[PDB]
């Protein structure tokens, strides 16, 4: 029983209809940056008592914060921008949310209807630009269509395979008066008809059948699981199959468990890629078979019968052709297969201890390793220390680079929606704003940002947003004075020829630049820098215990390399296990 602030017979502005339409969808947090074409919307947001606005300092920071809000909770993220330059600053966020299937609803202002197509002031064809980087977009041509389009936007963004949905609203529609009809039926015939049905017992019983016939099975878990945390763990108890995870599926199965193969792929563990290489049954749940995971598709699980479950029928059979396939929710497939395994438990007699022992051998021979040089701080050890002091209960958001991979390898995530990282697009500067959105969605959680000196400075303006909104965002900056991921490839494949990968000052080459502590000091945030490995544990303990935001600059030797590394398009036999830039 929703309670409106307006009478059922009282005409109100279109912008007031839009805000009420958001309140009916359960929205309580938006990330809106004001502008000329959206002042009516901002005026209507102040009249709302149930919607809080987090004002960012850059629209790209607003859409990245909406992603973190969605990645860390499951709700859709809502950001609002003005026309022209406000809308074009959302492009990096929209393309990222599509590639990583993040529920997102972006609302942008627009010049009045009678001015579109005239090269007007702050006018850009935002619908034609974003048509290829959104799940769907709309252009509101009448104030009557507002209640229906908003309903379709939150539906398309959260149902099926989630994604971003943009809604462009002209200024004259925000000012027009009307009486909204909240009983509108959605105009999505072809989308709802193609929606996946619950899985058939005919398909599910052949999956359980293929498991008992298999000797070396591996679970290939990805970003589609997330909501299926419990169902997946229950499925592993009954089968005892090792679990390999993608960058997006971290936390779906706890990393501290003994059955965990951790991450597989290009920078995946040797034992996880080994299990896939010498498997006969591959259970690919919620994955899309990225080239970061497979490399050469002909050598990826070459001797394995492949089972693929995905809610998007377009993804099944795109790169790798499976034997058995199931189009639907992985959460329902696991529930249906758990029932088959409990009833016919003694009939199956499932035991893979020989396959697990063969992997435990490789898990002991080729584990994740890092080197300590004197008193310098190895970045991997800094994350292990953060893992200890937070007990693995912290929400981690990262940038893109070496620090990103190390944040995945050397932290054991226990639950999903704990790991926020741009994996598909790989957008730098994603970290700090994503931590802002997660801290708003999870106020009582430990939100720690693991950025690099290059990624951190891109959206460094959002430190003002952190202080103004008083968020307990912890920034664990791994400063290596370089663009690490690009520098690592220069050492291997370009004879260490530096090509604009140094971020410091060449005049004072042995001086840390910039002085990131003064960046936090400008925004009134307490900061500290640690350089010696002995002082590391006390420095991170200070960051966590200090109430409110905190910045910790951790200086690292730039010669470190992320390992292991299967080169681009290579096979498991081409894996690199040792090497650095010294």
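Numbering follows the first chain given and starts at 1.
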### Query
Mean CA B-factor: is it higher for 229 to 237 or for 340 to 348?
340 to 348
#### Entry: Greater mean Cα temperature factor according to the PDB record, 298 to 306 or 245 to 253
298 to 306
### 106, 311, 361, 221, ranked by C-alpha B-factor: the highest one
361
### Summary
From 329, 444, 449, 151, the top C-alpha temperature factor is at 444
### residue 32 - Cα temperature factor, lowest/middle/highest third of chain
lowest
### Query
Is the Cα B-factor recorded for residue 415 in the lowest, middle or highest third of its chain?
middle
### Task
Sort the modelled residues of this chain by their C-alpha B factor and say whether residue 130 lands in the lowest, middle or highest third.
middle
### Message
Split into thirds by Cα B-factor across the chain's modelled residues, where does residue 21 land: lowest, middle or highest?
### Response
lowest
### Summary
Sorting the chain's modelled residues by C-alpha B-factor and splitting them into thirds places residue 11 in the highest
